[PDB]
Structures are given as structure tokens and as C-alpha cells.
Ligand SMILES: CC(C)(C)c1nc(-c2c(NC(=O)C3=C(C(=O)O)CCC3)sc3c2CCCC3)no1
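Okay, here we've got a single chain as C-alpha cells, the form deposited without the named molecule, with questions on binding and movement later.
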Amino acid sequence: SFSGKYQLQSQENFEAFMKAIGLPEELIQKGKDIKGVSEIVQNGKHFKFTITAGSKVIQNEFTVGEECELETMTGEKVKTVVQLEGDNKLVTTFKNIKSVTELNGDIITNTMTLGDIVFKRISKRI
């Protein structure tokens, strides 16, 4: 069940992943190592997720089994269908970014793979 606040503890590969997709040294320097709360509201099939890492508010909205335009870091509004396995593993791909947001009780583990770089956020439910 994805409804909850999730504060970041440890992120593997923020500055290598964010430069490799295509961001400046301005939005990288807001959340370089400043912990962000992803405030997720699961309302059945209608999801939203509000990432606040430093001083950069990216509020997103998808519905599971519907083609929904999502505000990613470099891709300004990118269409992708988000398929849910059960109620605790979201499985999607934006442009060439395999985003797997798997819940492990409290720990929301977003293992977001470009190609070689694995951006793993380890975020416990506060």
C-alpha cells in the first residue's frame, strides 16, 4: 500500500545519474545530498507523488492502466502507462529509464536504471 510520506536515508548514484540523463549544475546542486520526502497519495487506481529534494518541488499524477504524462527531471511531460503488480510493486519505463518503485514494508526502493548507472533510493516511511 503506497499511501504515505517516505523520507530519503541513502541514495546510490544521484550526481552520476542526473548529469547522464541531462540536467545542469543548478537542479543537481539543490538535492546533491539533501534528503527529500516523497509524499505519495494512493487513492485506489489514481496515484500522485510529490518529491521535495532540497528546494525543487516536482508534483506528478498517474492512473494505473492509463497513458499519463509525467513531469520527469529532463523529460518535461513524458507519456507512459504505469503497470502495478499486486499493490506493492510499480513497473514503468519513461523514455529509456526503467523505473521500478518496489515497496518493502516501510522501505520504498526506487531502482531507476538508465543503462550501466543504477540510481537506488532507500526511503523509509516517516
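In case it trips you up, residue 1 is the first one in the sequence shown, and so on.
The protein also exists as the form solved in complex with the named molecule; that form is not presented, and the subsequent description refers to it.
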- request: Check whether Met18 has any heavy atom within 4.5 Å of a heavy atom of the named molecule in the deposited complex, and answer yes or no.
  value: yes
field: Contact flag, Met73 vs the named molecule in the deposited complex, heavy atom cut 4.5 Å
entry: yes
- prompt: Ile58 near the named molecule in the deposited complex, any heavy atom under 4.5 Å?
  reply: yes
query: Any chance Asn13 has a heavy atom within 4.5 Å of the named molecule in the deposited complex?
result: no
